[PDB]
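First comes one chain, alone, set out as C-alpha cells in the form deposited in one PDB entry.
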C-alpha cells in the first residue's frame, strides 16, 4: 500500500544499523511489483546472516536430520556428536506416521553418540562402529541406519564414510552417512541439498536391476510433503479418489522401501520444490520421470492442481477428477459460507521458511484475506520469482529478516494476523496481534486438501476473533 510509504519505512528501519549491516540488509528487503519476473533485480536471497542480529535461520543439520531424514520411520537416525542437537530436535516437528515406536518405527526417538572430551580428542569412529553394533542388537526390526553429522564431526578428522561402508558390508544393512554439519552453508537449505545427495548416492538406486514390482500407468510419487499434522495423508486420499496409485511419499510417514520404489513411478508430484528439486531433477535426468508442482492449499488451488495432474493422464483420470471435484464442492462451499463473513478484509503478514510463504496465499484469499507482507528464511531466488507473481502490488517482501526489522515492520503496517514460527509467536502475542504458527499449524491441522481447508478456516476464525485480543488494556489506564 502506497509504495513510497513502504520504501520510506524500509529506510527508517535501516537507519539504525551500522554501515556494513545496513548495506547488506538493504539488499534483502523489497517492495513487490507483480509485473517483475526476475527477482535478482529487486531482492537478494541465500546469503550469510549478519552476526549478532537475531536471525531465525537454523543449520544444515536441522535441514537434513529434522526435515528430510527424520520423518523416515523404519530407519534409525543417529546424531553423531554432542548431546544437545538431537535433544533439541527430538519430536519438535509434527511429521505424522503409523508404527510401533521402539520396535519398527523410531521417529520420535533420539539416538546419539553423546560425544565427550575423549571422543573429541581421539575421534569417534570406533565409538560409531560399537554404537552401530549396539543398534543392531537392541533394535532388530530396523531397516536402515543414517548417521547425521553435527559440527565437531566435520571439525575433527572423522571419516564416517568408511565406517558406514564397512558396517554395511558386515551387517548387510543400508547405512547412509550424511555430512550435514551445522557450520556448512548459511541455513537449512544446504541441509536439504546434502540430504538429497545422500538419498541419491546411498538409497535411490538399490532396485535399479530389480524388476519384480508390477507397474501401472497411474503410478505417482509424492515428493516434498512431510505429513505435518497429517497433511500428506489429507493429500493422498484425494489422489486415490482420482484413481491414481501413490507408490511413495517423501518423506512424512515414509519408508525406505517406498524411496527405493520411487524410480518405478510414472509421475513425480513435488510439493516442496525448495527441499526436493535436487532429487526430482536427478530422477528426471536418470530415469526419465517427469515431475510437476502442485498446491493443495485452499479449494481453488486444490482444484487447479487436481485438474493439472489429471491432464497428465488419459480421459478416465480426468472423469474421476471431475467426479472428485463435484463430490467435494458442497463441503468447502459450506466452509466458505460459514467463515468468510468473519474473516473478510483482514490483512496478513507471513514469515516462514522456504515454501509456505507463497503457497498459503490462495487459501487466505479464499476467505477474503489479503496478504500484505511475506518473507523467507532460507529460500532461493527462484522462490522469489514465484512469490513476486504470487503476491500483490506494493506489498512487503523480506528475506532472512531480523527480529528488530520484523517488529518495526509489524508496528508500522499493523496487520490483523501474523503467521510465523515459535520464536515470534509470543513477541507478537504480547504486542496484542493474533498469531498463528505456520510451521506446526499451532498443533492443529492438517491444512492440505478439502478436509484441511475446514480446519484452516476454523483456526483462522478462532484466533483472529478471540475475545482475549480486546482485553490487553486495563480499564483504568
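Numbering follows the first chain given and starts at 1. The term rigid core refers to the maximal set of C-alpha atoms that superpose within 1.5 Å between the two forms.
Engineer: Taking the other compared entries of this protein, do a third or more of them lack coordinates for residue 61?
Structural biologist: No, none of the compared structures omit it.
Engineer: Is it true that residue 383 has no coordinates in a third or more of the other entries in the comparison?
Structural biologist: Yes, residue 383 lacks coordinates in at least a third of the other compared entries that model both of its neighbours.
In what follows, reference is made to the form deposited in another entry, a form of this protein that is not presented.
Engineer: Core-aligned, does residue 57 move its Cα 2 Å or more between the shown form and the other one?
Structural biologist: Comparing forms between the shown form and the other one, the residue 57 CA shifts below 2 Å.
Engineer: Comparing between the shown form and the other one on the rigid core: C-alpha of residue 437 shifted by 2 Å or more?
Structural biologist: After core superposition, the C-alpha of residue 437 moves 2 Å or more between the shown form and the other one.
Engineer: Given that the shift is 3 Å or more, do the Cα atoms of residue 239 and residue 438 end up closer or farther apart in that other deposited form than in this form?
Structural biologist: It is closer: the C-alpha separation of residue 239 and residue 438 falls by at least 3 Å in that other deposited form.
Engineer: Would you mind telling me if residue 439 and residue 54 are closer or farther apart in that other deposited form than in the shown form, C-alpha to C-alpha, with a 3 Å or larger change?
Structural biologist: It is farther: the C-alpha separation of residue 439 and residue 54 rises by at least 3 Å in that other deposited form.
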